[PDB]
Amino acid sequence: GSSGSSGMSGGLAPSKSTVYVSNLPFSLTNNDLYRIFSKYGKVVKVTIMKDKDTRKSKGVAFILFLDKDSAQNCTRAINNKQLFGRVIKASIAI
């Protein structure tokens, strides 16, 4: 039927919800991550860090969740693990 995808929630923030993820396979795209993290909790917006010189993601990406409770699960599910052949670190950006 109709999902809704209301969105209209711009202005991302480091709010608890947000999940600090590093060592991510930049090779992917916002969409990819959005889903990859959707396995734990619903995602509203996908944020990614960028360097000044190199101008690359460097894995450092921030995932915005709907409910902090849901985020934690992910911050503990992927935290201290190996993905896409690269140890990924998760931590509540606060």
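Residues numbered from 1 in each chain as written, not as in the entry; some residues may be left out. Heavy atoms only, no water.

The record lists solution NMR as the method behind this PDB entry.

Caption draft 1: Inspection of the pairing of strand β1 (residues 19-22) at higher detail. Taken together, the three bridges between β1 and strand β3 (residues 61-65) define a ladder with antiparallel strand orientation. Counted as the bridge partner of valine 21 is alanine 61 from β3. Two elements, β1 and strand β5 (residues 86-92), share four bridges in a ladder whose sense is antiparallel. Bridge pairing in β5 places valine 19 opposite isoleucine 92. (Pairing = 2+ DSSP bridges. Helix = DSSP H or I, 4+ residues; strand = E, 2+ residues; numbered from the N terminus.)

Caption draft 2: Representation of the nonpolar core within the structure. Formed by 16 residues in total, the largest nonpolar core has its most connected members in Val21, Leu33, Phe37 and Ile63. Taken together, the elements giving at least two residues each to this core come down to β1, β2 (43-48), β3, α2 (68-77) and β5. Excluding residues within four positions of it along the chain, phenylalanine 37 makes contact with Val21, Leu24, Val43, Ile63, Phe65, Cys74 and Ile78. (Core = buried A, V, L, I, M, F, W, Y, C linked by side-chain atoms within 4.5 Å. Buried < 20%, exposed > 50% of the residue type's maximum accessible area, 1.4 Å probe, protein only. Contact = heavy atoms within 4.5 Å.)

Caption draft 3: Region of interest: the packing of aromatic side chains. Inspection of the entire model under this criterion finds one aromatic pair. Ring geometry for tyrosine 20 against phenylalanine 62: centres 4.2 Å apart, planes inclined by 50°, an arrangement best described as tilted. Of this pair, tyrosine 20 sits in strand β1 while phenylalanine 62 sits in strand β3, and the two are 42 residues apart along the sequence. Relative accessible area serves as the criterion here: at 33%, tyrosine 20 is assigned to the partly exposed category. You can call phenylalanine 62 buried: its relative accessible area is 12%. (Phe/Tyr/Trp six-rings, centres within 6.5 Å; stacked < 30°, edge-to-face > 60°.)

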